[PDB]
């Protein structure tokens, strides 16, 4: 495969429906040597079997909010793997309240919690493992249209992803010198532990399926393959790029209609709403 002999660190796995898992699965099929991290011993209960299924004996603890966990991580991968060719940064969080209602009511607390866990953590993770990154290494993070466009109740998480994307741009220039790449994969809505916690997510998912050019929701396999590509030398001439894997949803300037032309009606007014 295109990741043969390549070593990579996967951060974000919570279960087999995780974006990072789809990416790890895809990376595995291409011969990569993987390493995984887990937030707490409860998630490790799921990250471990997942890890075994992908020929990986490297499982470490890493709660991005605990700076000492980073110090341990550096020592871990340097001992167990010597070096890293790629990193997957698939982590984000914000209090449940922050994602409902408006951005106005956001508490300074929820703001910082979402900024730190979802943005700064990319900086700390990358700086921490910087001296262990081989030349040509690739750093991939996960974003969402909500960064540049308004998406119902995404709120502060929207402000985070915008900063996240900017960081990707600045990190690509900081590491470009040493031939290292940085990108963001902008996936469309998809069912995962984090999303199943968001209010009326089934709706966001229906609006995308019905109004997206390909008229479908992206699979975990599709997101995994786009990621794998971005992390492989297949894309060594690609950096500081925000790559959409959303069934083409990003192009829409309004609700789809194209299929119906009698008088032109919204596809929404005909599917799951009549």
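Residue numbers count along the first chain shown, from 1.
Checked against the record, the higher mean CA B factor of 7-15 and 251-259 lies with 251-259. Look at the mean CA B-factor for 93-101 and for 186-194 in the entry; the higher one is 93-101.
Among 200, 116, 174, 124, the highest C-alpha B-factor recorded in the PDB entry belongs to 200. Comparing the C-alpha B-factors of 67, 221, 246, 241 in the entry, the top value falls on 67. The entry lists a Cα temperature factor for residue 56 that places it in the highest third of the chain's modelled residues. In the deposited entry, the Cα temperature factor of residue 62 places it in the middle third of its chain's modelled residues. Per the PDB record, residue ranking by Cα B-factor puts residue 128 in the middle third of the chain. Residue 230: CA B factor in the lowest third of modelled residues in this chain (values from the PDB entry).
In the PDB entry, a CA B factor belonging to the lowest third of its chain's modelled residues is recorded for residue 146.
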